[PDB]
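J.: Dumping the structure here so I can ask a few things about it.
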Amino acid sequence: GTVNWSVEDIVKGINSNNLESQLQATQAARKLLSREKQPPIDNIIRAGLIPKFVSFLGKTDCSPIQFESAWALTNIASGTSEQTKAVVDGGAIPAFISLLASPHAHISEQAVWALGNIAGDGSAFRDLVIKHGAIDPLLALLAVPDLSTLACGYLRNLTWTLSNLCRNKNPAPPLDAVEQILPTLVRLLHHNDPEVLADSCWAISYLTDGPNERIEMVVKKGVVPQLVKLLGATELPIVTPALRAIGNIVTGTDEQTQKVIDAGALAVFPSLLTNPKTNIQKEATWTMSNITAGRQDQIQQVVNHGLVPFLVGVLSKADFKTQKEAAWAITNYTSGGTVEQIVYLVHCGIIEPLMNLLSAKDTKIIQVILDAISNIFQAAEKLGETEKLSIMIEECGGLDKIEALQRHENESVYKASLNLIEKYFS
Amino acid sequence: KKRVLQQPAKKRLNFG
């Protein structure tokens, strides 16, 4: 019936003065834009159909044409920034916001989806959607006693659109908008649907990726314990955003890192640092490096949870990026830790993999490993055990690598290796 | 000393 229409026939039907003909043509356009192929979005735009679809969005007496046009415009807005721009320039944002209050659930869902695509284009269209007043009706759609009474796909689409309203930086979302949305996000974070939980954790990760004031806004809602709980989840789509959010949070103040620790996050890191997914492993090692950059009591908390052996493990065997995050974590540990903690670190066997990692090509990892070794040698100097550390670094064939690095192209590596070999290996 | 650093689809096409 409405399958495989030509854009010319679609235009013919839309330009008729027969609302039923227009509805048939609009459904034909929707189906044309719904194929698994890359839809013919450019052809639809060139025909000048966006304004007609936007007008059909306002026909409350013909809910089916509202639904078909909303679906078509959603698909159009799902494409390049230019096609989303074409949708927005047709005046579709206020029409979709008005349709958010439709009595029909599928029309409201399509409006939510379209607004989500528009906002996901970027921070400019996100802020424009917010300025047209979408947050209020969006959050009203979720003002129910129990989220379980909502359709699964409906709630998933609402959560995804809200996450896109929290997304993107330069600029970050308006502070008042973030504060208006956060409570609903916490509510959703206590939901049971894995996809809702994943999208909510991604929204929280977006909000926590910024200066310490954004982190503070997020942390004051008390979501850190729930984030740790989800960090212990089995489904990777949940663990990934939860770990990203925890990492963001620990990039802030020592008090925010302390909130992360008090929630019991470290107890989950034994598995995270041994996770089969290298991405989880790298994100966890980066979170650990940010934690070891904190206060001495926080380093001691890391020690008490038995995580130093896991840091040694990831330093010994892991993909190069994870090993680099581990080197950073060790350097922060040694720079901020007591000589007692550094001695413990050495006793766990850090020296051998730290040496092994000095044959790397990256000059940054080389210089950070040299900084770590320098901190370790200072700690040993305060103990009079510097000859012990020399014999340690020479037993595993490590001093050879420092001697080789003496001739590195980087001036900093050159000088650090020369200083180490001149003072501790002469 | 603390160093810094998107899986969900930014846009989704409705297939059905």
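Identifiers in the structure tokens: chain A, B, ... in order shown; residue index from 1 per chain; ligand index from 1 in order shown.
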Could you build a table of the residues in chain B lying no more than 6 Å from chain A, giving for each the nearest pair of atoms and their separation in Å rounded to one decimal place, using only C-alpha atoms, ordered by chain and ascending residue number, as JSON lines?
T.:
{"residue": "B:1", "atom": "CA", "partner": "A:293", "partner_atom": "CA", "distance": 5.9}
{"residue": "B:2", "atom": "CA", "partner": "A:290", "partner_atom": "CA", "distance": 5.1}
{"residue": "B:10", "atom": "CA", "partner": "A:120", "partner_atom": "CA", "distance": 4.8}
{"residue": "B:11", "atom": "CA", "partner": "A:117", "partner_atom": "CA", "distance": 4.8}
{"residue": "B:12", "atom": "CA", "partner": "A:78", "partner_atom": "CA", "distance": 5.6}
{"residue": "B:13", "atom": "CA", "partner": "A:75", "partner_atom": "CA", "distance": 5.1}
{"residue": "B:15", "atom": "CA", "partner": "A:34", "partner_atom": "CA", "distance": 4.9}
J.: Just the selected residues (N, CA and C atoms), exported as a short mmCIF file (atom, residue, chain, number, x, y, z; two decimals), in the first residue's frame, please.
T.:
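That gives us selection24.cif:
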data_model
loop_
_atom_site.label_atom_id
_atom_site.label_comp_id
_atom_site.auth_asym_id
_atom_site.auth_seq_id
_atom_site.Cartn_x
_atom_site.Cartn_y
_atom_site.Cartn_z
N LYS B 1 48.01 16.83 40.20
CA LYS B 1 48.45 15.44 40.26
C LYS B 1 47.37 14.52 39.70
N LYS B 2 46.11 14.88 39.94
CA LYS B 2 44.98 14.12 39.41
C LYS B 2 44.80 14.44 37.93
N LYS B 10 24.56 8.96 20.05
CA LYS B 10 24.14 10.36 20.06
C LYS B 10 22.82 10.53 19.32
N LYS B 11 22.64 9.79 18.22
CA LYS B 11 21.40 9.81 17.46
C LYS B 11 21.02 8.37 17.12
N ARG B 12 19.71 8.11 17.07
CA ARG B 12 19.20 6.78 16.76
C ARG B 12 18.10 6.89 15.72
N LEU B 13 18.16 6.03 14.71
CA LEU B 13 17.11 5.96 13.70
C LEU B 13 16.08 4.94 14.15
N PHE B 15 13.70 2.24 13.36
CA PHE B 15 13.44 1.27 12.30
C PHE B 15 12.08 0.60 12.43
#
J.: Fewer than 2 positions away in the same chain doesn't count, so skip those; otherwise give me all residues within 8 Å of segment 423-425 of chain A, counting only C-alpha atoms, as number ranges by chain.
T.: A: 386-387, 390, 419-421
J.: Show me, as a list in words, the residues that have an atom within 10 Å of segment 297-302 of chain A when counting only C-alpha atoms, minus same-chain residues fewer than 6 positions from it.
T.: residues 254, 257, 258, 261, 262, 266, 267, 269, 288, 291, 308, 332, 333, 334, 336, 337, 338 and 341 of chain A
J.: Save the residues we just selected, N, CA, C and O atoms, as a PDB file, in the first residue's frame?
T.:
ATOM      1  N   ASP A 254      39.763  15.899  47.211  1.00  0.00           N
ATOM      2  CA  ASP A 254      40.025  14.762  48.086  1.00  0.00           C
ATOM      3  C   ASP A 254      38.774  14.354  48.854  1.00  0.00           C
ATOM      4  O   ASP A 254      38.621  13.181  49.207  1.00  0.00           O
ATOM      5  N   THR A 257      36.786  12.157  46.349  1.00  0.00           N
ATOM      6  CA  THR A 257      37.448  10.858  46.342  1.00  0.00           C
ATOM      7  C   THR A 257      37.146  10.093  47.624  1.00  0.00           C
ATOM      8  O   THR A 257      36.953   8.871  47.600  1.00  0.00           O
ATOM      9  N   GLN A 258      37.083  10.799  48.754  1.00  0.00           N
ATOM     10  CA  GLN A 258      36.800  10.135  50.020  1.00  0.00           C
ATOM     11  C   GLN A 258      35.367   9.626  50.068  1.00  0.00           C
ATOM     12  O   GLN A 258      35.103   8.583  50.673  1.00  0.00           O
ATOM     13  N   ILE A 261      35.503   6.424  48.235  1.00  0.00           N
ATOM     14  CA  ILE A 261      36.123   5.357  49.016  1.00  0.00           C
ATOM     15  C   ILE A 261      35.171   4.861  50.101  1.00  0.00           C
ATOM     16  O   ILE A 261      35.004   3.651  50.298  1.00  0.00           O
ATOM     17  N   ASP A 262      34.540   5.789  50.827  1.00  0.00           N
ATOM     18  CA  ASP A 262      33.647   5.411  51.918  1.00  0.00           C
ATOM     19  C   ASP A 262      32.499   4.537  51.434  1.00  0.00           C
ATOM     20  O   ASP A 262      31.985   3.710  52.196  1.00  0.00           O
ATOM     21  N   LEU A 266      36.556   0.489  46.511  1.00  0.00           N
ATOM     22  CA  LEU A 266      37.809  -0.242  46.365  1.00  0.00           C
ATOM     23  C   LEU A 266      37.603  -1.749  46.447  1.00  0.00           C
ATOM     24  O   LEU A 266      38.321  -2.509  45.785  1.00  0.00           O
ATOM     25  N   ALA A 267      36.634  -2.202  47.245  1.00  0.00           N
ATOM     26  CA  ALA A 267      36.376  -3.633  47.359  1.00  0.00           C
ATOM     27  C   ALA A 267      36.000  -4.261  46.024  1.00  0.00           C
ATOM     28  O   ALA A 267      36.100  -5.483  45.876  1.00  0.00           O
ATOM     29  N   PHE A 269      37.489  -3.362  43.108  1.00  0.00           N
ATOM     30  CA  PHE A 269      38.572  -3.203  42.148  1.00  0.00           C
ATOM     31  C   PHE A 269      39.390  -4.467  41.910  1.00  0.00           C
ATOM     32  O   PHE A 269      40.002  -4.591  40.840  1.00  0.00           O
ATOM     33  N   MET A 288      42.330   4.228  39.728  1.00  0.00           N
ATOM     34  CA  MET A 288      43.292   3.942  40.787  1.00  0.00           C
ATOM     35  C   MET A 288      44.415   4.970  40.803  1.00  0.00           C
ATOM     36  O   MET A 288      44.874   5.380  41.873  1.00  0.00           O
ATOM     37  N   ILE A 291      43.174   7.925  42.466  1.00  0.00           N
ATOM     38  CA  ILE A 291      43.017   7.731  43.905  1.00  0.00           C
ATOM     39  C   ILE A 291      44.368   7.802  44.607  1.00  0.00           C
ATOM     40  O   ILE A 291      44.497   8.413  45.674  1.00  0.00           O
ATOM     41  N   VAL A 308      47.528  -3.148  45.856  1.00  0.00           N
ATOM     42  CA  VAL A 308      48.877  -2.924  45.341  1.00  0.00           C
ATOM     43  C   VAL A 308      49.316  -4.148  44.542  1.00  0.00           C
ATOM     44  O   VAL A 308      49.910  -3.993  43.464  1.00  0.00           O
ATOM     45  N   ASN A 332      52.191   8.386  41.045  1.00  0.00           N
ATOM     46  CA  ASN A 332      51.432   9.168  42.017  1.00  0.00           C
ATOM     47  C   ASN A 332      51.569   8.585  43.418  1.00  0.00           C
ATOM     48  O   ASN A 332      51.761   9.324  44.394  1.00  0.00           O
ATOM     49  N   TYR A 333      51.461   7.259  43.538  1.00  0.00           N
ATOM     50  CA  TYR A 333      51.673   6.587  44.815  1.00  0.00           C
ATOM     51  C   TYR A 333      52.999   7.007  45.436  1.00  0.00           C
ATOM     52  O   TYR A 333      53.049   7.488  46.573  1.00  0.00           O
ATOM     53  N   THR A 334      54.091   6.834  44.689  1.00  0.00           N
ATOM     54  CA  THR A 334      55.414   7.112  45.237  1.00  0.00           C
ATOM     55  C   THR A 334      55.590   8.590  45.559  1.00  0.00           C
ATOM     56  O   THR A 334      56.269   8.934  46.533  1.00  0.00           O
ATOM     57  N   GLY A 336      53.211  10.726  46.526  1.00  0.00           N
ATOM     58  CA  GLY A 336      52.384  11.149  47.639  1.00  0.00           C
ATOM     59  C   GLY A 336      52.472  10.274  48.873  1.00  0.00           C
ATOM     60  O   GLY A 336      51.961  10.642  49.935  1.00  0.00           O
ATOM     61  N   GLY A 337      53.118   9.114  48.753  1.00  0.00           N
ATOM     62  CA  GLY A 337      53.127   8.155  49.833  1.00  0.00           C
ATOM     63  C   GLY A 337      54.303   8.313  50.783  1.00  0.00           C
ATOM     64  O   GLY A 337      55.325   8.916  50.460  1.00  0.00           O
ATOM     65  N   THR A 338      54.138   7.755  51.979  1.00  0.00           N
ATOM     66  CA  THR A 338      55.221   7.721  52.946  1.00  0.00           C
ATOM     67  C   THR A 338      56.282   6.712  52.516  1.00  0.00           C
ATOM     68  O   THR A 338      56.046   5.843  51.672  1.00  0.00           O
ATOM     69  N   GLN A 341      54.975   3.265  53.007  1.00  0.00           N
ATOM     70  CA  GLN A 341      54.126   2.788  51.920  1.00  0.00           C
ATOM     71  C   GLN A 341      54.950   2.452  50.682  1.00  0.00           C
ATOM     72  O   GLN A 341      54.654   1.482  49.974  1.00  0.00           O
TER      73      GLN A 341
END
J.: For residue 29 of chain A, work out the shell of residues within 8 Å, counting only C-alpha atoms and skipping chain neighbours fewer than 2 positions away, then give it as a VMD selection string.
T.: chain A and resid 5 7 10 25 to 27 31 to 33 72
J.: Let's have the selection written as an mmCIF file, in the first residue's frame, with C-alpha atoms.
T.:
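Output below, filename part_38.cif:
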data_model
loop_
_atom_site.group_PDB
_atom_site.id
_atom_site.type_symbol
_atom_site.label_atom_id
_atom_site.label_comp_id
_atom_site.auth_asym_id
_atom_site.auth_seq_id
_atom_site.Cartn_x
_atom_site.Cartn_y
_atom_site.Cartn_z
ATOM 1 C CA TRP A 5 6.766 4.985 -2.970
ATOM 2 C CA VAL A 7 9.683 10.693 -3.429
ATOM 3 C CA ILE A 10 5.151 11.273 -1.824
ATOM 4 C CA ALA A 25 1.898 9.912 1.580
ATOM 5 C CA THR A 26 3.343 10.684 5.019
ATOM 6 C CA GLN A 27 3.233 7.012 5.973
ATOM 7 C CA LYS A 31 8.440 3.735 5.562
ATOM 8 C CA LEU A 32 10.900 5.085 2.992
ATOM 9 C CA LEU A 33 12.911 6.570 5.875
ATOM 10 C CA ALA A 72 9.673 10.670 9.696
#
J.: Find the spatial neighbours of residue 150 of chain A, counting only C-alpha atoms, within a cut-off of 12 Å - ignore same-chain residues fewer than 5 positions away - and output them as a PyMOL selection string.
T.: chain A and resi 105+109+141-145+155-158+191+193
J.: Would you mind exporting N, CA, C and O atoms of the selected residues as a PDB file, in the first residue's frame?
T.:
ATOM      1  N   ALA A 105       0.324   7.394  23.636  1.00  0.00           N
ATOM      2  CA  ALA A 105       1.653   7.118  24.171  1.00  0.00           C
ATOM      3  C   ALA A 105       2.698   7.033  23.065  1.00  0.00           C
ATOM      4  O   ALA A 105       3.830   7.497  23.242  1.00  0.00           O
ATOM      5  N   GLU A 109       6.051   9.227  22.640  1.00  0.00           N
ATOM      6  CA  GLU A 109       7.333   8.538  22.556  1.00  0.00           C
ATOM      7  C   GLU A 109       8.133   9.023  21.357  1.00  0.00           C
ATOM      8  O   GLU A 109       9.342   9.263  21.463  1.00  0.00           O
ATOM      9  N   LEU A 141       6.358  13.466  32.226  1.00  0.00           N
ATOM     10  CA  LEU A 141       6.051  12.134  31.716  1.00  0.00           C
ATOM     11  C   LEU A 141       6.533  11.032  32.653  1.00  0.00           C
ATOM     12  O   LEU A 141       6.039   9.902  32.567  1.00  0.00           O
ATOM     13  N   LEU A 142       7.483  11.327  33.541  1.00  0.00           N
ATOM     14  CA  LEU A 142       7.993  10.352  34.496  1.00  0.00           C
ATOM     15  C   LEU A 142       7.497  10.600  35.916  1.00  0.00           C
ATOM     16  O   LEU A 142       8.008   9.980  36.855  1.00  0.00           O
ATOM     17  N   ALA A 143       6.524  11.492  36.100  1.00  0.00           N
ATOM     18  CA  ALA A 143       5.982  11.787  37.427  1.00  0.00           C
ATOM     19  C   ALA A 143       4.893  10.768  37.762  1.00  0.00           C
ATOM     20  O   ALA A 143       3.702  11.072  37.846  1.00  0.00           O
ATOM     21  N   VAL A 144       5.332   9.527  37.946  1.00  0.00           N
ATOM     22  CA  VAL A 144       4.430   8.419  38.255  1.00  0.00           C
ATOM     23  C   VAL A 144       4.833   7.815  39.596  1.00  0.00           C
ATOM     24  O   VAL A 144       6.000   7.929  39.998  1.00  0.00           O
ATOM     25  N   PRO A 145       3.915   7.169  40.320  1.00  0.00           N
ATOM     26  CA  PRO A 145       4.307   6.568  41.607  1.00  0.00           C
ATOM     27  C   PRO A 145       5.355   5.478  41.467  1.00  0.00           C
ATOM     28  O   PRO A 145       6.292   5.418  42.273  1.00  0.00           O
ATOM     29  N   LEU A 155       9.981   4.076  28.664  1.00  0.00           N
ATOM     30  CA  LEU A 155      10.898   4.522  29.705  1.00  0.00           C
ATOM     31  C   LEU A 155      12.332   4.556  29.196  1.00  0.00           C
ATOM     32  O   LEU A 155      13.095   5.472  29.527  1.00  0.00           O
ATOM     33  N   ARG A 156      12.717   3.569  28.383  1.00  0.00           N
ATOM     34  CA  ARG A 156      14.068   3.560  27.832  1.00  0.00           C
ATOM     35  C   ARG A 156      14.321   4.789  26.968  1.00  0.00           C
ATOM     36  O   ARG A 156      15.376   5.427  27.076  1.00  0.00           O
ATOM     37  N   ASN A 157      13.364   5.140  26.106  1.00  0.00           N
ATOM     38  CA  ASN A 157      13.540   6.309  25.251  1.00  0.00           C
ATOM     39  C   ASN A 157      13.588   7.589  26.073  1.00  0.00           C
ATOM     40  O   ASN A 157      14.401   8.480  25.796  1.00  0.00           O
ATOM     41  N   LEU A 158      12.727   7.704  27.087  1.00  0.00           N
ATOM     42  CA  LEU A 158      12.773   8.883  27.949  1.00  0.00           C
ATOM     43  C   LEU A 158      14.135   9.010  28.621  1.00  0.00           C
ATOM     44  O   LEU A 158      14.725  10.098  28.662  1.00  0.00           O
ATOM     45  N   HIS A 191      16.276   2.073  39.321  1.00  0.00           N
ATOM     46  CA  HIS A 191      15.375   1.205  38.578  1.00  0.00           C
ATOM     47  C   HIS A 191      16.032  -0.155  38.337  1.00  0.00           C
ATOM     48  O   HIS A 191      17.216  -0.362  38.613  1.00  0.00           O
ATOM     49  N   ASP A 193      15.558  -2.027  35.201  1.00  0.00           N
ATOM     50  CA  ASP A 193      15.818  -2.338  33.795  1.00  0.00           C
ATOM     51  C   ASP A 193      17.281  -2.065  33.461  1.00  0.00           C
ATOM     52  O   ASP A 193      17.746  -0.932  33.650  1.00  0.00           O
TER      53      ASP A 193
END
J.: So which one's closest to residue 16 of chain B, A:106, A:4, A:285, A:353? Using only C-alpha atoms, please.
T.: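 When distances to residue 16 of chain B are compared using only C-alpha atoms, the smallest one comes from A:106.
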J.: Report the distance between atom CA of residue 275 of chain A and atom CA of residue 242 of chain A in Å, rounded to one decimal place.
T.: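 That distance, rounded to one decimal, is 14.4 Å.
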J.: Which polymer residues have any atom within 12 Å of an atom of residue 59 of chain A, counting only C-alpha atoms, with same-chain residues fewer than 3 positions away left out, as an MDAnalysis selection string?
T.: chainID A and resid 19 22:23 52:56 62:70 95 98:99 102
